[PDB]
Each structure stands twice: as structure tokens, then as C-alpha cells.
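Structure 1 and structure 2, given next as C-alpha cells, are two forms of the same protein chain, each shown alone.
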Structure 1
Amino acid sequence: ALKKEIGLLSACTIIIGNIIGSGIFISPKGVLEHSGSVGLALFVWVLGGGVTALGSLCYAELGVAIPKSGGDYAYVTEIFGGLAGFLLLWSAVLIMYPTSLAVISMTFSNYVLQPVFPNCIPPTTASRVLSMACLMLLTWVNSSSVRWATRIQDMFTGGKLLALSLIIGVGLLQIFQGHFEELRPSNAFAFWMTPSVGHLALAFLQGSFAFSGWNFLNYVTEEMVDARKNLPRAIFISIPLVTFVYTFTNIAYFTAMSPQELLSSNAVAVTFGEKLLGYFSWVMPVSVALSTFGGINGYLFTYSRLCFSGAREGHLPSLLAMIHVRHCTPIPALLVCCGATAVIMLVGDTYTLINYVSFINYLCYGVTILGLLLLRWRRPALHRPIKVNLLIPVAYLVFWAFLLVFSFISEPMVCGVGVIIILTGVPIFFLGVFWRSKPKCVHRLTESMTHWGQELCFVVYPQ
């Protein structure tokens, strides 16, 4: 067995660290661009929280129904069969996770060099090297142990909470200072609209990127003590706090200055910090870097547990799913995730790839909701200690359908390319699992490579 030591507090901190990343410091400009008004921009931030809460309730019910590890992928594998499960695993390993890790690391590097060049952009090579350095350090500390990773996650969650509380207090102080000319019902809707189409599709699809990662606690299961009670409790506790933090943070972002100043500045947090503090404003951006450093770990802790559980069932090469005696940690899985994140780094401007990940983690959220709806009728004999009232999957399904249709019309080329990329994994499935009794040249090579990696990394195969 790997371990059973993740308590309620550790799981809650995992969820907060996964949710709170680079989204809150990057999204509020974009959501203010397509919405056009402060009120409509805040509408997206306040409704995405409700949608995420509905999805969280559905996932909590589904995860207490099926105790198997590797959530979001075990459910689909069991319900829709091997093919849909393999497609979801392929998309999650190749699209969702490395892109999010690259975006988080690049944000960390860009915001940690802000005081050095606070009038222009830093050199690209230095940013790439800093991001790769922090990725390598964090993958090493993850491969070293699990208790250290949990402790680091807890300290960084505390740090993000403190930084966001400081920002919320600084933004709030203007209620007593009388600086609430913005959000005043007089001005209120300072702007109405400009287009006459569904441009809100790529405002929800860009504002619901700071909400990504709320389902990741389901991946770290078989490592959670008393999953039947602690998982639903953590899911029910984390989401309201995140929504309350994010809405008020956006309120403070729009209260201190004008929408145009977000529409021009590329340092949304830095402008606020330098205006409302003047001197000693160097404290906030470093905290942002600190904040972002709490994200990468929270990803590498769960990503490694996905690619692990995705290799036991034969959907991934047998060289993974490795357990290392003397502090069991999936070492080759962690190396694979770090390398996969690194290869994306050779291609820049992934801030245009937020649409990519945000489309893919809507497709493979509607699919799981559909699986839950199907299993609700097909197998009503399952023991479900925590149950959710119906119409929640239906509401999430209609919202999901609307967002898909309205986001597949605005910019079709990139979405179609991504759909083709996730769909071309079926031949890989057929060549890997569906095709059996291969010539000896395949088995001998596979066994030799597995044994070599085994001897190199000093692991044991759970099987």
C-alpha cells in the first residue's frame, strides 16, 4: 500500500492550493474585456462559483459511490468502457495538466522579476530558466517524500490565505476612506455592450480558469483516511471559501481604479499594490510568486497520482505506476510529468492556450456528469452514504451544452484542432491494448526497458 495519512486539513489545503493559482492574478482583466462592464464581469465570477459548486456536489456523490482511485477516469472507465476512459486519461495527461503547469510556472517567473524591470518585459531566457529551475526543485521535493510535500502545501496555502486577506483588507479600507466611486449604483453599469453575439462564451471560458482543479482531490484517493466522510466534507467546505475570496478580490480590483487601467496594464496586481501602498509595495508581488509556488506542488502531487493510477489498469506503459521502497513515491511518474511540462515550455504565449485547457476541462466534465446520470438509473443498488438531490446533473448538463455550442462558433479552428488531437488517441489505444500477442521483439524490449528503469530508480511494482 502507498500510504493512508492525508487528513481533512491536508485535503482541504490541497483543494485550495489547486484552485488558487495564477488565475486570480490574470483572469480579471480578460473577464473585464469581453463583458465590457464591471457588473457583468462580476456576474461571471459569481456564477462560475455556483456552477463549480454544483459540479463539486455531483463529484462528491460520484466519488463516494465508487471508491476506486483515479477519479474522473475510473468512473468513465467503469461506465462507458475502456475506450472513453482511455480518451479521458490521454486528454488529461497530455492536454489539461502540462498546460496548466506551464502557465503557472511562467506566471511565477514573470511576476518574480517584476521589481527588476518594472517598466518592460524581462528577457525570455531568464524567465524560462527560472521556471525550469522551480519545476525541477519541486519535482525533486515531491520524489523525496510525501510528508514534506503535504507540509509545503499547508504552509503555502496559509501564505496564499494571508496574502489574499491582506489584499481584501487593503481593498476594503476604502469603505471607511470613502473611495467607493466605483461600484456606486450611480455609475454601476459604466458600459453596456459592443457586439451583438455570444461573446460571453469566451468570457466564462476565460474566467472559469481560476476555478480549475476543484476535482483533483478525487485523484489522490487510496491515500485519504476515511474517504467516505472527509472527501465530501472537504469538497463542501472548500468551494464557498474560494467563491467568497474571489468575488471580493475582484471587487477590490475594480474599486481602487478604473476599468481602462486594467484594460491597459499587464500587472493587474502590481498596479493595485503600487497605488494603494506607494512605497513598500514590493511585498505584494513577491507574495504573488509565493502564491504561485503553492500551485505547482499542488499539481505535481496529484498529477503523479493520476499517471500512476492510469498505468495499473494497462492504459499506460508499465514503466510507470512504480512504488519506491523507502518512502514510496511514484518517481518515474513524477519525472514524466516534469518532462512533459518542460516540453511545452519550448512554445511560448500559452496565455492564448487558456482557451485550450478551459475547453478540454469542460468536455471532460460534461462527459463525467453524463456518466453519473447514466449510472443513477442503470445501477440503483449501490451504497451511497452521501446522496445529492436530482436536477443538479440536469442543470449542469444544459449549461454545459450551451457553453459548448456557443464556444464552438466563435473561434472554430483551435477548438477543432484540439478535438482532433484528443480524438487521434484511439489508434494509440488500438496499438497498445486492443492488439495483443505481439512478436517477441516487443515483449523482450519492453521487459528489458522496464527492468533497466527499475534498477535505476530503485522501485517495486505494486501490480
Structure 2
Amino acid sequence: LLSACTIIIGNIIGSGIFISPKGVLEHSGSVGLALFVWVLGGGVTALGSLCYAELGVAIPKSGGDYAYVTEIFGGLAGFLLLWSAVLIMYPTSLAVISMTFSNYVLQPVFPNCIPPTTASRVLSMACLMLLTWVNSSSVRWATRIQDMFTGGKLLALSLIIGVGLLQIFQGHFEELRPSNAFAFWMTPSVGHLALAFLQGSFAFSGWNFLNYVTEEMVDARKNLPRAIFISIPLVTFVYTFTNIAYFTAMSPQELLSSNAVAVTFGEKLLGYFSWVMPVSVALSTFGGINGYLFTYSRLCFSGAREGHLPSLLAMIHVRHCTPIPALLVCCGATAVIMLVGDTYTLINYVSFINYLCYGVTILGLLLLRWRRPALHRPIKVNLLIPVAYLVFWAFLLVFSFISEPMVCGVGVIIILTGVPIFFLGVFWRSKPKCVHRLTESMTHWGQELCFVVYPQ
């Protein structure tokens, strides 16, 4: 119950609420449409979470998306999903969080003009490398630091909501009235609505990470639906109230013109205490990066337990018992990604691929329902949830493909390049002795350099 509700609230709330409001509103065209898109996401997440809970209690294996799909579709689909998660989802999320941290730190120095790009990128890399070193040094430090960052982010959200309520009680709700709420400065099309939903779904990303710890959950059958029902509506309410506070504190046009909505809020409302918030926001971004790294490691381990990834990525330090190669690979991939795109293009990439993976998993749930009707399932969901989610997912995917072909095409191409690697590596079991020698040499080099051994 409350044991896991805390983790469900913790993994969902990262930094998206400090990025999405500018992206959503620009595409929503009005306060009402944006505040509706938020609640829409708050229900699409709930449906997917319920279906994921059903899948998790159906198959006791742990690993989440990687474990379920491999059970239902086979090795190829599982490897493709692992490839997409390793290359695109996690590194892009980390890059977005780091860029957000740099933007929020540099905004007070340049309040009316954009900060230099080189300084922002260098600062983001500095933060990312410091957190990678912290995660490589020890684990208890990382745990305590993550708890402190969670405290910081909850404090920031509570302060924003409280100031918004105080302003509401003072009689300042000009934008929320129907006369101003539905003042459309641009006719919203269907494709623009799809892009707005892609931007607004980043704030809810990370809700399926609970499925990575299902084996560690005590009595999942009863607590899991209760946890979902307690968590998802509360998160939706918190996000909607934060958006309401943002809109009551500043005008939509001036909100769109700021690179840090929260910073403008703090500048105009907190006055002298403004400096309190951008620090308290920054901690939140920290609490993202660290946490994501943890999940990355707990994926790579699994990626080697099924024989899909090289064993060198699953080894731990001899003394400190930390997964150094996984963190190094994650840092390298994120640093490579950060040089190329902008924050919102990366958000579009990660949201598109996240929804593709969710749809594939739900279709796998339906196929499992068809193929194994005698399987003992502790909880059974109605077909309405999977069919509605599948229809919504299909419409969103076609509309986003039409709206922005380039980024979705690049993502699909990157996913498709994973098939030949799988066929050459795992399907092909007649590797020449040269390949075996190269693999053994690289594993020995990694073991000697990083001082790591296979977990016992």
C-alpha cells in the first residue's frame, strides 16, 4: 500500500513539470485546452498502468517490458525493445534532465536573453559526470542523496501549490475565467494536439519502473491496484494545480516567452526569497539523473542474464560492488546525444518511442490473453481498457508520423538497425574463432581496466 505508493509517486515526478508547460501551451493554444491535455494524460497513464499491473501479476518474472515481451513474442522483440531502451529512451531522458538543470541554473544570470549554448552544454556535462562518479563510488551515498533530492522536489511542488492557492484566495484568476481561458490565438489542429500530448506525456514518464521491482513487492495482488488508484489521480491533480498556479501567476504570452517558467514565477511572486526556488528546482533535476542511472544498471544486469548483452556490462566492482561499465556506457551515450538535438526535439523522440513500446506491450498482453486462456491470473481486466488504449495509441502514432516525419523516422530507423545485430550475434551460433577471440580479449581488457568481476 503506502510502501509502494511512495515509490510510484517518486518515479513519476522528475523534471517534466518544469519543462512541459511551455511546450504544451504553445501547441494547445489556450489555457483550457492545455489543462485538458494534462488530465487526458492523467487517464491514459492510468489505463496503461492497470494493464501493466495485470501483465505483471500474470507473469511473475521481473524485468518489466523486457521480461514480458520476451515471454510473449520471443527473443527478437525482446531484444529490439532492449535496444530501443538502451540507446534512445534512457539516454534521451537523461540528456533532457541535464539540459533542464543547466537552463534553470543559467537563467537568473541572463533573465531577458537566452544564455550561451556552450556554457549550458558544458555545465550539463559537468553535472552528469559528477553524478556518474557519485553513483560509481558507492550505493548508500546514492540512496541517501536520492532521498534528499526527493525531499527537495516535494518541497518545491508544495511551495508552488501553496503560493498559487494564496493568489487564488486573493481574487486573481483572470486567465481561468471562460472569457479568457478559451481565448484561442491559433486554431488547434489534430496534429498539433498530438504533438501537445507528446510534449505533455513526458511529465508522466517512468510509471512502469515499478514493474522492475515486482519480485521485491510483498503481496502485489492486493496492493498493486490500490497503489495505482491512489497514485495516478493524485499525480494528475498535483500537475493540474501546478499549471493553475503558473497561469494565475503569469500571462500565457509571457509564459511562452520564458525559458524557465518556474523561475519567472519565483521572480515575480517570491520577491527576495526568489533565490529559494531555482536551487530547490535544481535538486529535483539531480534527483532525476541519479535515479535514472540506477534503473539503467538494473536493466543491463538483466540484459546479460538472458544472454542478450555482453557479460562485461553486468560485472560489479570487486570492492565497492558498483556497476561501472553500465554507468560509463550510459554517460557516453548521453554525452553523444546532448550535442545533437534541442530539448523539445529530444522530448518528441522519447515520447514517440515510449508510446510505441507501451503499445507493443499492450498488444502482447492481448496476444497472451488469446493464446493462454487457462493461465491463472490473480486479477483480470476488461477488454475495454486494452482496446481503447490500442485505438488511442494507433491514432496518436499516425498523427505524430504525419505531423513530424523526420524525428519519428529517425527513431524507427534506429530501432530497425537492431535486427541485423541480433541476427548476427545471438541467432547466428556459428561464430568464427576470430570473433570469440576478440570477445574474450575485450572482456579481459575491460575486467583488468575497471577491476570488475561477475556477480555471484
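For the two forms, the rigid core is made up of the largest set of C-alpha atoms that agree within 1.5 Å on superposition. Start at 1 and count along the sequence of structure 1; that gives the residue numbers used here.
Here the two forms are overlaid on the core, and between the two structures the C-alpha of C337 is the only one among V288, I167, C337, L87 to shift by 2 Å or more.
Core-superposed comparison between the two structures: the Cα of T124 travels 2 Å or more. After superposing the rigid core, the C-alpha of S264 moves by less than 2 Å between the two structures. After superposition on the rigid core, the Cα atom of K229 is displaced by 2 Å or more between the two structures.
Note on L320: its Cα is shifted 2.7 Å between the two structures, core used for superposition. Relative to the superposed core, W148 has its Cα moved 4.5 Å between the two structures.
On rigid-core superposition between the two structures, the C-alpha of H179 is found to move 1.2 angstrom.
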